[PDB]
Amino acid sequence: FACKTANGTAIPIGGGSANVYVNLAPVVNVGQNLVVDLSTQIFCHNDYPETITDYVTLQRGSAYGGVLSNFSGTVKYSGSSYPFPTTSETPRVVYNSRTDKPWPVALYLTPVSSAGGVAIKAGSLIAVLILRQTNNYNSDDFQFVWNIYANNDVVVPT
């Protein structure tokens, strides 16, 4: 089991960390959701699918920077919504192919307060998302840590 990002950064067997720079809508109005879709940016696969089933959760999600300061929202994992920052580990998703498939995670973030300033700063850490991988073959229990950085500024006009 290993993963890679859209920019070509790999996290190998046994886990590790990677930086993911996410394209953000540059203007988000009061009452609108900012969508941070990681399913287009993070992909994983099973390295022995004929014999092993891999299990994958969103173990933890934490908010930082402008997201923590200025937004409130939820995380959607594999079709279900949960509080963000997270307060539990999600159910597990099966990975059963050598062909890469998305890690089905997305953030839905609503502005809390604004006076028209920069709500999210380009280059800043905005989230840490932990992917936990196990299987039905041995005792492997591995963490794939996705450090999420804003690729661009976001403004919430007023």
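One-based numbering along the sequence shown. Rigid core here is just the name for the largest C-alpha set that superposes within 1.5 Å across the two forms.
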| item | value |
| --- | --- |
| Higher-deviation stretch (C-alpha RMS, rigid core fit) in 9 other deposited structures of this protein, choosing from 116 to 124 and 101 to 109 | 116 to 124 |
| Entry-level comparison of average CA B-factors, 12 to 20 and 136 to 144, reporting the higher stretch | 136 to 144 |
| Greater mean Cα temperature factor according to the PDB record, 104 to 112 or 28 to 36 | 28 to 36 |
| Highest recorded Cα temperature factor - choice among 94, 125, 52, 130 | 52 |
| Most elevated Cα B-factor in the entry, residues 67, 44, 118, 58 | 118 |
| Chain thirds of CA B-factor: placement of residue 151 | lowest |
